[PDB]
C-alpha cells in the first residue's frame, strides 16, 4: 500500500525535527519511503505571533494495516515530536497525519482517511501534488481537480 503522510512542524527552527521525523518514518517496520516532497513554508491560520509551519508530504510503501501505521506515527510524535527547552520539554510541535492509505476509505474511532480536512488545505494538497500529480481519491475525485477548482495559492519553499 502507498500511504501518503503529511508532516507539519511549527518549531521556530524546524529542519532538525523534520529530518529526525523523516528518518524515523524510514525505520517503520514493513515499510519504506518512496519519495519526499520539498519543504514548504506556510503561515499559521491565525495571529501572526506564531512560527511559520514547515509542511511536507511523504509517500510510504507499507504492508502494515492502517491502524498499525497510525500506532507508529503516533509513537514518532511521542518520541521526537517535542523539543527540549532550557528548563523543560516543550509541547508537541510535530504532526504526522495520514492523508491517504492506498485507495482505502477508513472511518473508525481512531482514523478518518482520506484526512477529514485536506481538501481545504493548500499546505496539504500542494506538497502532495508535487509527488503525486495524477493522484485519484477513493471516491474518484482527482487531486488535480481539487487544486484546479479551489485555486489555492502555490506555497513558498522553505
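Numbering follows the first chain given and starts at 1.
Pick between 39 to 47 and 94 to 102: the one whose mean CA B-factor in the entry is higher. Mean B over CA atoms: larger for 39 to 47.
Mean Cα B-factor comparison, 61 to 69 or 48 to 56, giving the higher one as deposited: According to the PDB entry, the answer is 48 to 56.
Out of 130, 27, 109, 117, highest CA B-factor residue: Of the candidates given, the C-alpha B-factor peaks at 27.
Assigned third (lowest, middle, highest) for the C-alpha B factor of residue 18: Within its chain, residue 18 is a lowest-third residue by C-alpha B-factor, going by the deposited values.
Check where residue 5 lands among this chain's C-alpha B-factors and tell me if it's the lowest, middle or highest third. It belongs to the lowest third of the chain when residues are ordered by C-alpha B-factor.
What third of the chain, by the recorded C-alpha B-factor, contains residue 123? Middle third.
Ranking every modelled residue in this chain by its Cα temperature factor as given in the entry, which third contains residue 147? Residue 147: CA B-factor falls in the middle third of its chain.
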